[PDB]
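Content type CSV, C-alpha atoms, from the file query_10.csv:
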```
chain,number,residue,atom,x,y,z
J,146,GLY,CA,235.7,109.0,-181.0
J,147,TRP,CA,238.8,111.1,-180.3
J,148,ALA,CA,238.3,114.8,-181.2
J,149,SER,CA,238.8,117.3,-184.0
J,150,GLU,CA,240.2,120.7,-183.0
J,151,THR,CA,237.2,121.9,-185.1
J,152,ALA,CA,234.2,119.7,-184.9
J,153,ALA,CA,230.5,119.3,-184.1
J,154,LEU,CA,231.2,116.5,-181.5
J,155,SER,CA,227.9,114.7,-181.8
J,156,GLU,CA,226.4,112.3,-179.4
J,157,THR,CA,228.4,109.1,-179.9
J,158,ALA,CA,226.6,106.1,-178.4
J,159,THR,CA,225.0,104.5,-175.3
J,160,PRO,CA,224.9,100.8,-174.4
J,161,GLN,CA,221.6,99.3,-175.4
J,162,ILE,CA,220.8,97.1,-172.5
J,163,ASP,CA,219.2,93.6,-172.5
J,164,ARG,CA,217.1,91.9,-169.8
J,165,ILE,CA,217.6,88.2,-169.5
J,166,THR,CA,214.7,86.6,-167.5
J,167,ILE,CA,215.5,83.6,-165.4
J,168,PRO,CA,212.0,81.9,-165.5
J,169,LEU,CA,212.5,79.9,-162.2
J,170,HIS,CA,210.6,76.7,-163.0
J,171,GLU,CA,209.8,74.0,-160.6
J,172,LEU,CA,211.3,70.5,-160.5
J,173,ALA,CA,209.0,67.9,-159.1
J,174,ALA,CA,208.9,64.1,-158.8
J,175,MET,CA,205.9,62.1,-157.5
J,176,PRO,CA,206.7,58.4,-157.0
J,177,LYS,CA,203.8,56.2,-156.0
J,178,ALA,CA,204.3,53.9,-153.0
J,179,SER,CA,201.9,51.3,-151.9
J,180,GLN,CA,200.3,51.5,-148.5
J,181,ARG,CA,201.0,47.8,-148.1
J,182,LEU,CA,204.7,48.1,-149.0
J,183,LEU,CA,205.3,51.2,-146.9
J,184,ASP,CA,204.0,49.3,-143.8
J,185,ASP,CA,205.1,45.7,-144.1
J,186,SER,CA,208.7,46.1,-145.2
J,187,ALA,CA,211.5,46.3,-142.7
J,188,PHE,CA,213.3,49.1,-144.7
J,189,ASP,CA,212.4,52.7,-144.2
J,190,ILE,CA,211.1,53.3,-147.7
J,191,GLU,CA,209.6,56.6,-146.7
J,192,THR,CA,213.1,58.0,-146.0
J,193,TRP,CA,214.8,56.0,-148.7
C,89,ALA,CA,241.0,132.7,-180.4
C,90,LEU,CA,239.7,129.6,-182.2
C,91,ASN,CA,241.2,126.1,-182.7
C,92,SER,CA,244.8,125.0,-182.1
C,93,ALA,CA,244.9,122.9,-185.3
C,94,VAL,CA,245.3,125.5,-188.0
C,95,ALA,CA,248.2,127.7,-186.9
C,96,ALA,CA,247.0,131.3,-187.8
C,97,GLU,CA,244.0,131.3,-185.5
K,89,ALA,CA,275.8,119.8,-179.5
K,90,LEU,CA,277.3,121.3,-182.6
K,91,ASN,CA,276.2,124.7,-184.1
K,92,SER,CA,272.7,126.1,-183.6
K,93,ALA,CA,272.2,126.9,-187.3
K,94,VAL,CA,271.3,123.5,-188.7
K,95,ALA,CA,268.4,121.8,-186.8
K,96,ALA,CA,269.8,118.3,-186.7
K,97,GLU,CA,273.3,118.9,-185.3
K,98,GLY,CA,271.9,120.4,-182.1
K,99,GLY,CA,269.4,122.9,-183.3
K,100,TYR,CA,266.4,121.4,-181.5
K,101,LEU,CA,267.7,122.4,-178.1
K,102,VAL,CA,267.3,126.1,-178.5
K,103,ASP,CA,263.4,126.5,-177.9
K,104,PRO,CA,262.6,130.1,-178.9
K,105,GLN,CA,261.1,132.3,-176.2
K,106,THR,CA,257.6,133.6,-176.7
K,107,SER,CA,256.4,137.1,-175.8
K,108,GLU,CA,255.4,138.0,-172.3
K,109,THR,CA,251.9,139.3,-173.2
K,110,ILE,CA,250.3,138.7,-176.6
K,111,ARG,CA,250.4,142.0,-178.5
K,112,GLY,CA,248.1,143.4,-181.1
K,113,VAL,CA,247.4,145.9,-183.8
K,114,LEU,CA,246.5,149.2,-182.1
K,115,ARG,CA,243.4,150.6,-183.7
K,116,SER,CA,242.0,154.1,-183.0
K,117,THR,CA,240.8,154.6,-179.5
K,118,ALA,CA,239.6,158.2,-180.0
K,119,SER,CA,236.0,157.4,-179.3
K,120,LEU,CA,234.2,160.6,-178.1
K,121,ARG,CA,234.0,159.0,-174.6
K,122,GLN,CA,236.6,161.4,-173.3
K,123,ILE,CA,234.7,164.5,-174.4
K,124,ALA,CA,231.1,163.5,-173.6
K,125,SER,CA,229.1,163.1,-170.4
K,126,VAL,CA,229.3,159.5,-169.4
K,127,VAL,CA,226.6,158.6,-166.8
K,128,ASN,CA,226.5,155.3,-164.9
K,129,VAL,CA,222.9,154.0,-165.1
K,130,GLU,CA,221.4,150.7,-163.9
K,131,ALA,CA,218.1,150.9,-165.7
K,132,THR,CA,216.5,150.5,-169.1
K,133,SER,CA,217.1,154.1,-170.1
K,134,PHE,CA,218.2,157.6,-169.1
K,135,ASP,CA,216.2,160.8,-169.2
K,136,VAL,CA,218.2,164.0,-169.3
K,137,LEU,CA,216.1,167.0,-168.3
K,138,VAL,CA,217.2,170.1,-170.2
K,139,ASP,CA,215.8,173.7,-170.5
K,140,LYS,CA,215.0,174.7,-174.0
K,141,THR,CA,214.1,178.3,-173.0
K,142,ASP,CA,214.9,180.9,-170.3
K,143,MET,CA,213.2,183.1,-167.8
K,144,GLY,CA,212.4,186.8,-167.8
K,145,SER,CA,213.7,189.7,-165.7
K,146,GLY,CA,211.9,192.8,-164.7
K,147,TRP,CA,214.0,195.8,-163.7
K,148,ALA,CA,211.2,196.7,-161.4
K,149,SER,CA,210.6,200.4,-160.9
K,150,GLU,CA,210.1,202.0,-157.5
K,151,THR,CA,206.3,201.9,-157.8
K,152,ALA,CA,205.7,199.4,-160.5
K,153,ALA,CA,203.4,196.6,-159.3
K,154,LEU,CA,205.4,193.8,-160.8
K,155,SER,CA,203.4,191.1,-162.6
K,156,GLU,CA,204.3,187.6,-163.7
K,157,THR,CA,207.3,186.6,-165.8
K,158,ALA,CA,208.3,183.6,-167.8
K,159,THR,CA,209.6,180.3,-166.5
K,160,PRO,CA,211.3,177.9,-168.9
K,161,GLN,CA,209.8,174.9,-170.6
K,162,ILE,CA,211.6,171.7,-170.1
K,163,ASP,CA,212.5,168.9,-172.6
K,164,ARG,CA,213.0,165.3,-171.6
K,165,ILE,CA,215.3,163.3,-174.0
K,166,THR,CA,215.2,159.6,-173.6
K,167,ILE,CA,218.5,157.7,-173.9
K,168,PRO,CA,217.4,154.2,-175.1
K,169,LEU,CA,220.4,152.4,-173.6
K,170,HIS,CA,220.9,149.6,-176.1
K,171,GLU,CA,223.3,146.6,-175.7
K,172,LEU,CA,226.4,145.7,-177.5
K,173,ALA,CA,227.2,142.0,-177.6
K,174,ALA,CA,230.1,139.9,-179.0
K,175,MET,CA,230.6,136.2,-178.7
K,176,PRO,CA,233.8,134.6,-179.9
K,177,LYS,CA,234.3,130.9,-180.0
K,178,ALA,CA,237.4,129.6,-178.3
K,179,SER,CA,238.7,126.0,-178.1
K,180,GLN,CA,239.0,124.2,-174.8
K,181,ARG,CA,242.2,122.6,-176.0
K,182,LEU,CA,243.6,126.1,-176.7
K,183,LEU,CA,242.6,127.3,-173.3
K,184,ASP,CA,244.2,124.4,-171.5
K,185,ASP,CA,247.4,124.5,-173.5
K,186,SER,CA,247.9,128.1,-174.4
K,187,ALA,CA,249.8,129.5,-171.4
K,188,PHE,CA,248.8,133.1,-172.0
K,189,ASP,CA,245.7,134.1,-170.0
K,190,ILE,CA,243.4,133.7,-173.0
K,191,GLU,CA,240.3,134.5,-171.0
K,192,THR,CA,241.5,137.9,-169.9
K,193,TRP,CA,243.0,138.5,-173.3
K,194,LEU,CA,239.7,138.0,-174.9
K,195,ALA,CA,238.3,140.3,-172.2
K,196,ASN,CA,240.8,143.0,-173.1
K,197,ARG,CA,240.1,142.6,-176.8
K,198,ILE,CA,236.3,142.6,-176.4
K,199,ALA,CA,236.5,145.7,-174.3
K,200,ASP,CA,238.7,147.3,-177.0
K,201,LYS,CA,236.3,146.3,-179.7
K,202,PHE,CA,233.4,147.7,-177.8
K,203,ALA,CA,235.1,151.0,-177.1
K,204,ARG,CA,235.9,151.2,-180.8
K,205,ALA,CA,232.5,150.1,-182.0
K,206,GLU,CA,230.5,152.4,-179.8
K,207,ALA,CA,232.3,155.3,-181.3
K,208,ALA,CA,230.7,154.8,-184.7
K,209,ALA,CA,227.3,154.7,-182.9
K,210,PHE,CA,228.1,157.8,-181.0
K,211,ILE,CA,229.0,159.7,-184.2
K,212,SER,CA,226.8,158.3,-187.0
K,213,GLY,CA,224.6,155.7,-185.3
K,214,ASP,CA,221.0,155.5,-186.3
K,215,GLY,CA,217.9,154.9,-184.2
K,216,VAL,CA,217.6,151.1,-184.1
K,217,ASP,CA,219.5,148.9,-181.6
K,218,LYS,CA,222.4,151.4,-181.2
K,219,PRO,CA,222.9,155.0,-179.9
K,220,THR,CA,221.7,157.6,-182.3
K,221,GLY,CA,224.8,159.6,-183.3
K,222,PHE,CA,224.9,163.4,-183.5
K,223,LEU,CA,225.2,163.3,-187.3
K,224,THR,CA,221.8,161.7,-187.7
K,225,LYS,CA,219.9,164.4,-185.9
K,226,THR,CA,217.9,166.3,-188.6
K,227,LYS,CA,220.2,169.2,-189.4
K,228,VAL,CA,218.7,172.7,-189.9
K,229,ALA,CA,220.7,175.7,-191.1
K,230,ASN,CA,222.1,178.0,-188.5
K,231,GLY,CA,220.3,181.4,-188.2
K,232,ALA,CA,217.1,179.5,-188.7
K,233,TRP,CA,217.8,177.4,-185.6
K,234,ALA,CA,215.1,175.9,-183.4
K,235,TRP,CA,215.5,173.4,-180.5
K,236,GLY,CA,214.8,170.2,-182.4
K,237,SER,CA,217.8,170.3,-184.7
K,238,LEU,CA,221.5,170.8,-185.0
K,239,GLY,CA,222.9,173.8,-186.8
K,240,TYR,CA,225.4,173.9,-189.6
K,241,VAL,CA,227.3,176.5,-191.6
K,242,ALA,CA,228.0,175.9,-195.2
K,243,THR,CA,231.4,176.3,-197.0
K,244,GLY,CA,230.4,177.3,-200.4
K,245,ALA,CA,231.7,175.0,-203.2
K,246,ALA,CA,230.2,171.5,-203.3
K,247,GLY,CA,233.1,169.2,-202.6
K,248,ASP,CA,235.7,171.4,-201.1
K,249,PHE,CA,236.2,174.6,-199.1
K,250,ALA,CA,235.3,178.0,-200.5
K,251,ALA,CA,237.5,179.0,-203.5
K,252,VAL,CA,237.9,182.8,-203.0
K,253,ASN,CA,238.4,182.8,-199.2
K,254,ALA,CA,239.2,179.5,-197.2
K,255,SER,CA,239.4,179.1,-193.4
K,256,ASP,CA,236.3,181.4,-193.2
K,257,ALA,CA,233.7,178.6,-193.0
K,258,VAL,CA,235.8,177.2,-190.2
K,259,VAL,CA,236.0,180.4,-188.4
K,260,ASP,CA,232.4,181.3,-188.5
K,261,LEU,CA,231.7,177.7,-187.6
K,262,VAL,CA,233.7,178.5,-184.5
K,263,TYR,CA,232.0,181.9,-183.9
K,264,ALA,CA,228.5,180.5,-184.6
K,265,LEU,CA,228.6,178.1,-181.6
K,266,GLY,CA,227.9,180.3,-178.6
K,267,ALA,CA,230.0,182.0,-176.1
K,268,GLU,CA,230.0,179.7,-173.1
K,269,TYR,CA,230.1,176.5,-175.1
K,270,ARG,CA,233.4,177.6,-176.6
K,271,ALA,CA,235.1,177.5,-173.2
K,272,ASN,CA,235.5,173.7,-173.6
K,273,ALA,CA,234.6,173.0,-177.2
K,274,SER,CA,236.3,170.6,-179.6
K,275,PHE,CA,236.5,169.8,-183.3
K,276,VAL,CA,235.5,166.3,-184.4
K,277,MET,CA,237.1,165.2,-187.7
K,278,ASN,CA,238.6,162.1,-189.2
K,279,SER,CA,242.2,161.4,-190.2
K,280,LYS,CA,241.7,162.4,-193.8
K,281,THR,CA,239.6,165.5,-193.2
K,282,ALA,CA,242.3,166.7,-190.8
K,283,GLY,CA,244.8,166.1,-193.6
K,284,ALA,CA,242.8,168.2,-196.0
K,285,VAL,CA,242.5,171.0,-193.5
K,286,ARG,CA,246.3,170.9,-192.8
K,287,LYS,CA,247.0,170.9,-196.6
K,288,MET,CA,245.3,174.3,-196.9
K,289,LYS,CA,247.7,177.1,-197.6
K,290,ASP,CA,247.9,180.8,-198.4
K,291,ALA,CA,248.9,182.2,-201.7
K,292,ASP,CA,252.7,181.7,-201.0
K,293,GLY,CA,252.8,178.0,-200.4
K,294,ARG,CA,253.0,178.1,-196.6
K,295,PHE,CA,250.2,176.1,-194.8
K,296,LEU,CA,248.1,178.7,-193.0
K,297,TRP,CA,247.3,176.9,-189.8
K,298,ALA,CA,249.8,177.0,-187.0
K,305,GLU,CA,250.2,165.8,-180.1
K,306,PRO,CA,246.5,166.6,-179.4
K,307,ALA,CA,246.8,168.5,-182.7
K,308,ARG,CA,244.6,171.4,-181.8
K,309,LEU,CA,243.1,173.8,-184.4
K,310,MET,CA,242.8,177.5,-183.7
K,311,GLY,CA,243.4,176.8,-180.0
K,312,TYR,CA,240.5,174.3,-179.8
K,313,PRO,CA,241.3,170.5,-179.4
K,314,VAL,CA,240.6,168.1,-182.3
K,315,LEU,CA,239.2,164.6,-181.9
K,316,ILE,CA,240.5,162.5,-184.8
K,317,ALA,CA,237.6,160.1,-185.2
K,318,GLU,CA,237.4,157.5,-187.9
K,319,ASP,CA,233.7,157.5,-188.3
K,320,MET,CA,232.7,160.9,-189.6
K,321,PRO,CA,232.4,161.1,-193.4
K,322,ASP,CA,235.1,162.6,-195.5
K,323,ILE,CA,234.6,165.6,-197.7
K,324,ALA,CA,231.8,164.6,-200.0
K,325,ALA,CA,229.1,166.6,-201.9
K,326,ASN,CA,226.8,167.3,-199.0
K,327,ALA,CA,228.8,165.8,-196.2
K,328,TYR,CA,229.3,166.9,-192.6
K,329,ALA,CA,232.9,166.3,-192.2
K,330,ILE,CA,233.8,168.7,-189.5
K,331,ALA,CA,231.8,169.2,-186.3
K,332,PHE,CA,232.5,171.5,-183.4
K,333,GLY,CA,231.1,172.1,-180.0
K,334,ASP,CA,230.8,171.4,-176.3
K,335,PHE,CA,230.3,167.7,-176.2
K,336,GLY,CA,230.5,167.5,-172.5
K,337,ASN,CA,227.2,169.3,-172.4
K,338,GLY,CA,225.9,168.3,-175.8
K,339,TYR,CA,226.2,164.5,-176.0
K,340,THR,CA,225.1,162.3,-173.1
K,341,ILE,CA,226.5,158.8,-173.0
K,342,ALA,CA,224.6,156.5,-170.7
K,343,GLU,CA,226.2,153.2,-169.8
K,344,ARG,CA,227.0,150.4,-167.4
K,345,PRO,CA,230.8,150.4,-166.5
K,346,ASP,CA,231.2,146.6,-166.6
K,347,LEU,CA,232.0,144.0,-169.2
K,348,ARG,CA,229.7,141.1,-168.5
K,349,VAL,CA,231.3,137.8,-169.6
K,350,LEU,CA,229.5,134.4,-169.6
K,351,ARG,CA,231.4,131.4,-170.7
K,352,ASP,CA,229.2,128.8,-172.5
K,353,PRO,CA,230.8,125.4,-172.4
K,354,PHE,CA,227.6,123.6,-173.3
K,355,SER,CA,226.2,124.7,-176.7
K,356,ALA,CA,229.5,124.5,-178.7
K,357,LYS,CA,230.7,121.4,-176.9
K,358,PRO,CA,234.4,121.1,-177.8
K,359,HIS,CA,234.7,124.9,-177.6
K,360,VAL,CA,234.1,127.5,-174.8
K,361,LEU,CA,232.2,130.3,-176.5
K,362,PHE,CA,232.6,133.4,-174.4
K,363,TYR,CA,229.6,135.7,-174.6
K,364,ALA,CA,230.5,139.2,-173.5
K,365,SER,CA,228.1,142.1,-173.6
K,366,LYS,CA,228.0,145.6,-172.2
K,367,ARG,CA,225.1,148.0,-172.7
K,368,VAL,CA,225.5,151.6,-173.6
K,369,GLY,CA,223.3,154.3,-175.1
K,370,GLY,CA,223.2,158.0,-176.0
K,371,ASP,CA,222.1,160.9,-178.2
K,372,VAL,CA,222.5,164.7,-178.1
K,373,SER,CA,221.4,166.3,-174.9
K,374,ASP,CA,221.8,170.0,-175.7
K,375,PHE,CA,221.1,170.8,-179.4
K,376,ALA,CA,222.8,174.2,-179.2
K,377,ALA,CA,226.1,172.7,-178.1
K,378,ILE,CA,227.1,171.2,-181.5
K,379,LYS,CA,227.5,172.9,-184.9
K,380,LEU,CA,228.4,171.2,-188.2
K,381,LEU,CA,230.2,172.0,-191.4
K,382,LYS,CA,228.1,171.3,-194.5
K,383,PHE,CA,229.8,171.5,-197.9
K,384,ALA,CA,226.7,172.3,-199.9
K,385,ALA,CA,226.3,176.1,-200.5
```
Give the structure from the file, written as structure tokens.
Amino acid sequence: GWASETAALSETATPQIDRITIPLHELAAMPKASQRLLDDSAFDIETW
Amino acid sequence: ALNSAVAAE
Amino acid sequence: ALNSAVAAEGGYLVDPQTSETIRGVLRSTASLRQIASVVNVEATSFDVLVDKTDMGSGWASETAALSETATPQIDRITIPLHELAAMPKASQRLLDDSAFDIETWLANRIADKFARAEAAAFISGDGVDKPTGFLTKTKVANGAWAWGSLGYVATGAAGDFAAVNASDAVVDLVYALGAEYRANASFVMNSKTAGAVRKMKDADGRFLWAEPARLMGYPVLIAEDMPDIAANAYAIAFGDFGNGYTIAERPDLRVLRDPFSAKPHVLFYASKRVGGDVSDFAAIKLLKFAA
């Protein structure tokens, strides 16, 4: 508030804070590749 | 004295 | 830029000049401090050591075999040294915008009010929390005078001076006070007992008493705290207050500004501490109006 030349001047306010939690999940993919296919093909499927 | 609002004080 | 009389046509340019120092009403400063014994003391109390009796002398003969003689007994009177506090509340917006030095103005005014308020304690103050004045000191009629009391002489009629002869109670009040105490002794009255004394006159209409306004060659302290002429009042006192009344004090005016409790204000707390009662019971006589 402003002020009154004759006032109690009470405690006004204070920011009530909030905590936001970033949960930090994991992102995972597991593709299955055949041990035949990974060996006999000409293409580098392991890096593809 | 007291406050500056009311003149007589 | 026309005339200064009307405000609109150039009357706002004239900005009236304020005073140099903020004045005040000038109340009575006659406070018994200039007639009593002020002692600086940094303690809780003050103990005067008086002698309530005297020794003995011999006039020893040529062949006398002189024996013992008296040696006086000694009274300790304790000055309690109470404190006197005042705390006005002043606004910070005033103190920042109020070009007069408001802090030292309140200091002057608090010192004035303390010098005025300790006078009533010096004169008619009681025991608790303030100096015990000389009026509240268990008066015992003169002639039957012992050490633990103040003497008085009585005027006669109940609410006035004596009808047949006046100015006699005053003069045997003077000559019932002791020879050495009258070297520097003073009357203490107030401003409307002094008026009633000056209004007394002889049978012809001429007032019979002849800037300190002394009475019969003795100075007069115009107090404002002794009672006026009542039925059993003690309106006029007289004596050697420089030996009779001991004021004990600290000669400083302790000021603490308090910006925290009253938060938009400043709240100067100023307090000196001062005490005192009678020290020599023979040095003050009183005027009772009883009989």
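For the choices K:191, K:332, K:175, K:121, the atom-to-atom distance to residue 260 in chain K is smallest for K:332 when using only C-alpha atoms.
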Atomic separation - CA of residue 281 in chain K relative to CA of residue 212 in chain K, Å: 15.9 Å
Could you write out as a ChimeraX atom specification the residues of chain K within 10 Å of chain C, counting only C-alpha atoms? /K:176-183,185-186,190-191,193-194,358-361
Give as an NGL selection string every residue of chain J that touches chain C within 10 Å, counting all atoms listed in the file. :J and (149-152)
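Counting all atoms listed in the file, range 244-248 of chain K has the following residues at most 12 Å away, ignoring those fewer than 3 positions along the same chain: residues 241, 251, 252, 253, 254, 255, 256, 257, 258, 281, 284, 285, 288, 322, 323, 324, 325, 326, 327, 328, 329, 381, 382, 383, 384 and 385 of chain K.
For residue 342 in chain K, the residues within 6 Å (counting only C-alpha atoms, excluding itself and residues fewer than 5 positions away along the chain) are residues 126, 127, 368, 369 and 370 of chain K.
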May I have the residues within 12 Å of range 173-182 of chain J as a PDB file with C-alpha atoms, in the coordinates of the input, using only C-alpha atoms and disregarding those fewer than 6 positions away in the same chain?
```pdb
ATOM      1  CA  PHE J 188     213.300  49.100-144.700  1.00  0.00           C
ATOM      2  CA  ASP J 189     212.400  52.700-144.200  1.00  0.00           C
ATOM      3  CA  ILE J 190     211.100  53.300-147.700  1.00  0.00           C
ATOM      4  CA  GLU J 191     209.600  56.600-146.700  1.00  0.00           C
ATOM      5  CA  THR J 192     213.100  58.000-146.000  1.00  0.00           C
ATOM      6  CA  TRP J 193     214.800  56.000-148.700  1.00  0.00           C
TER       7      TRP J 193
END
```
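We find CA of residue 363 in chain K and CA of residue 344 in chain K to be spaced 16.6 Å apart.
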Residues at most 6 Å from residue 240 in chain K, counting all atoms listed in the file, excluding those fewer than 3 positions away in the same chain, as JSON, numbers by chain? {"K": [229, 230, 379, 380, 381]}
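Take CA of residue 264 in chain K and CA of residue 238 in chain K: the distance between them is 12.0 Å.
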So that I can check the surroundings of residue 335 in chain K, please list as a list in words every protein, DNA and RNA residue that reaches within 7 Å of it, counting all atoms listed in the file and ignoring chain neighbours fewer than 2 positions away. residues 123, 124, 273, 333, 337, 338, 339 and 377 of chain K
Rebuild N, CA, C and O atoms on range 310-331 of chain K, as a PDB file, keeping the file's coordinate frame?
```
ATOM      1  N   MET K 310     243.206 176.159-184.103  1.00  0.00           N
ATOM      2  CA  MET K 310     242.800 177.500-183.700  1.00  0.00           C
ATOM      3  C   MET K 310     242.619 177.524-182.144  1.00  0.00           C
ATOM      4  O   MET K 310     241.658 178.089-181.626  1.00  0.00           O
ATOM      5  N   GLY K 311     243.500 176.845-181.420  1.00  0.00           N
ATOM      6  CA  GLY K 311     243.400 176.800-180.000  1.00  0.00           C
ATOM      7  C   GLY K 311     242.354 175.831-179.433  1.00  0.00           C
ATOM      8  O   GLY K 311     242.282 175.659-178.212  1.00  0.00           O
ATOM      9  N   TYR K 312     241.538 175.216-180.280  1.00  0.00           N
ATOM     10  CA  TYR K 312     240.500 174.300-179.800  1.00  0.00           C
ATOM     11  C   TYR K 312     241.001 172.846-180.146  1.00  0.00           C
ATOM     12  O   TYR K 312     241.533 172.612-181.232  1.00  0.00           O
ATOM     13  N   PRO K 313     240.808 171.902-179.226  1.00  0.00           N
ATOM     14  CA  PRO K 313     241.300 170.500-179.400  1.00  0.00           C
ATOM     15  C   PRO K 313     240.541 169.852-180.583  1.00  0.00           C
ATOM     16  O   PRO K 313     239.444 170.247-180.971  1.00  0.00           O
ATOM     17  N   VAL K 314     241.170 168.816-181.125  1.00  0.00           N
ATOM     18  CA  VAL K 314     240.600 168.100-182.300  1.00  0.00           C
ATOM     19  C   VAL K 314     240.553 166.611-181.867  1.00  0.00           C
ATOM     20  O   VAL K 314     241.550 166.023-181.439  1.00  0.00           O
ATOM     21  N   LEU K 315     239.367 166.031-181.987  1.00  0.00           N
ATOM     22  CA  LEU K 315     239.200 164.600-181.900  1.00  0.00           C
ATOM     23  C   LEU K 315     239.284 164.010-183.270  1.00  0.00           C
ATOM     24  O   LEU K 315     238.400 164.240-184.108  1.00  0.00           O
ATOM     25  N   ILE K 316     240.356 163.271-183.530  1.00  0.00           N
ATOM     26  CA  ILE K 316     240.500 162.500-184.800  1.00  0.00           C
ATOM     27  C   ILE K 316     239.647 161.278-184.627  1.00  0.00           C
ATOM     28  O   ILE K 316     240.099 160.279-184.062  1.00  0.00           O
ATOM     29  N   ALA K 317     238.414 161.325-185.107  1.00  0.00           N
ATOM     30  CA  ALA K 317     237.600 160.100-185.200  1.00  0.00           C
ATOM     31  C   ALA K 317     237.991 159.323-186.407  1.00  0.00           C
ATOM     32  O   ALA K 317     238.944 159.644-187.115  1.00  0.00           O
ATOM     33  N   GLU K 318     237.278 158.240-186.662  1.00  0.00           N
ATOM     34  CA  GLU K 318     237.400 157.500-187.900  1.00  0.00           C
ATOM     35  C   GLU K 318     236.069 157.239-188.530  1.00  0.00           C
ATOM     36  O   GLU K 318     235.972 156.416-189.446  1.00  0.00           O
ATOM     37  N   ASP K 319     235.025 157.897-188.046  1.00  0.00           N
ATOM     38  CA  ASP K 319     233.700 157.500-188.300  1.00  0.00           C
ATOM     39  C   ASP K 319     232.837 158.650-188.914  1.00  0.00           C
ATOM     40  O   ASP K 319     231.725 158.393-189.383  1.00  0.00           O
ATOM     41  N   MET K 320     233.323 159.878-188.881  1.00  0.00           N
ATOM     42  CA  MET K 320     232.700 160.900-189.600  1.00  0.00           C
ATOM     43  C   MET K 320     232.987 160.747-191.119  1.00  0.00           C
ATOM     44  O   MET K 320     234.047 160.224-191.466  1.00  0.00           O
ATOM     45  N   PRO K 321     232.087 161.156-192.010  1.00  0.00           N
ATOM     46  CA  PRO K 321     232.400 161.100-193.400  1.00  0.00           C
ATOM     47  C   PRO K 321     233.450 162.058-193.849  1.00  0.00           C
ATOM     48  O   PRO K 321     233.642 163.094-193.212  1.00  0.00           O
ATOM     49  N   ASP K 322     234.157 161.719-194.919  1.00  0.00           N
ATOM     50  CA  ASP K 322     235.100 162.600-195.500  1.00  0.00           C
ATOM     51  C   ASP K 322     234.414 163.633-196.408  1.00  0.00           C
ATOM     52  O   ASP K 322     233.185 163.692-196.462  1.00  0.00           O
ATOM     53  N   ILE K 323     235.184 164.450-197.121  1.00  0.00           N
ATOM     54  CA  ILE K 323     234.600 165.600-197.700  1.00  0.00           C
ATOM     55  C   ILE K 323     233.900 165.254-199.026  1.00  0.00           C
ATOM     56  O   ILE K 323     234.513 165.147-200.092  1.00  0.00           O
ATOM     57  N   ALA K 324     232.599 165.019-198.922  1.00  0.00           N
ATOM     58  CA  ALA K 324     231.800 164.600-200.000  1.00  0.00           C
ATOM     59  C   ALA K 324     230.907 165.845-200.484  1.00  0.00           C
ATOM     60  O   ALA K 324     231.180 166.995-200.134  1.00  0.00           O
ATOM     61  N   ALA K 325     229.882 165.568-201.292  1.00  0.00           N
ATOM     62  CA  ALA K 325     229.100 166.600-201.900  1.00  0.00           C
ATOM     63  C   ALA K 325     228.226 167.377-200.969  1.00  0.00           C
ATOM     64  O   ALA K 325     228.074 168.599-201.068  1.00  0.00           O
ATOM     65  N   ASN K 326     227.604 166.670-200.034  1.00  0.00           N
ATOM     66  CA  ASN K 326     226.800 167.300-199.000  1.00  0.00           C
ATOM     67  C   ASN K 326     227.101 166.774-197.644  1.00  0.00           C
ATOM     68  O   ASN K 326     226.233 166.637-196.781  1.00  0.00           O
ATOM     69  N   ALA K 327     228.372 166.481-197.411  1.00  0.00           N
ATOM     70  CA  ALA K 327     228.800 165.800-196.200  1.00  0.00           C
ATOM     71  C   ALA K 327     228.980 166.777-195.052  1.00  0.00           C
ATOM     72  O   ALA K 327     229.119 167.984-195.243  1.00  0.00           O
ATOM     73  N   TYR K 328     228.987 166.224-193.847  1.00  0.00           N
ATOM     74  CA  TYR K 328     229.300 166.900-192.600  1.00  0.00           C
ATOM     75  C   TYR K 328     230.547 166.352-192.089  1.00  0.00           C
ATOM     76  O   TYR K 328     230.539 165.434-191.277  1.00  0.00           O
ATOM     77  N   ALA K 329     231.667 166.856-192.584  1.00  0.00           N
ATOM     78  CA  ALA K 329     232.900 166.300-192.200  1.00  0.00           C
ATOM     79  C   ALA K 329     233.487 166.801-190.915  1.00  0.00           C
ATOM     80  O   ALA K 329     234.118 166.056-190.161  1.00  0.00           O
ATOM     81  N   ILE K 330     233.264 168.076-190.627  1.00  0.00           N
ATOM     82  CA  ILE K 330     233.800 168.700-189.500  1.00  0.00           C
ATOM     83  C   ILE K 330     232.694 169.141-188.543  1.00  0.00           C
ATOM     84  O   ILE K 330     231.825 169.921-188.946  1.00  0.00           O
ATOM     85  N   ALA K 331     232.707 168.649-187.314  1.00  0.00           N
ATOM     86  CA  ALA K 331     231.800 169.200-186.300  1.00  0.00           C
ATOM     87  C   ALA K 331     232.569 169.889-185.245  1.00  0.00           C
ATOM     88  O   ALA K 331     233.784 169.745-185.140  1.00  0.00           O
TER      89      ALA K 331
END
```
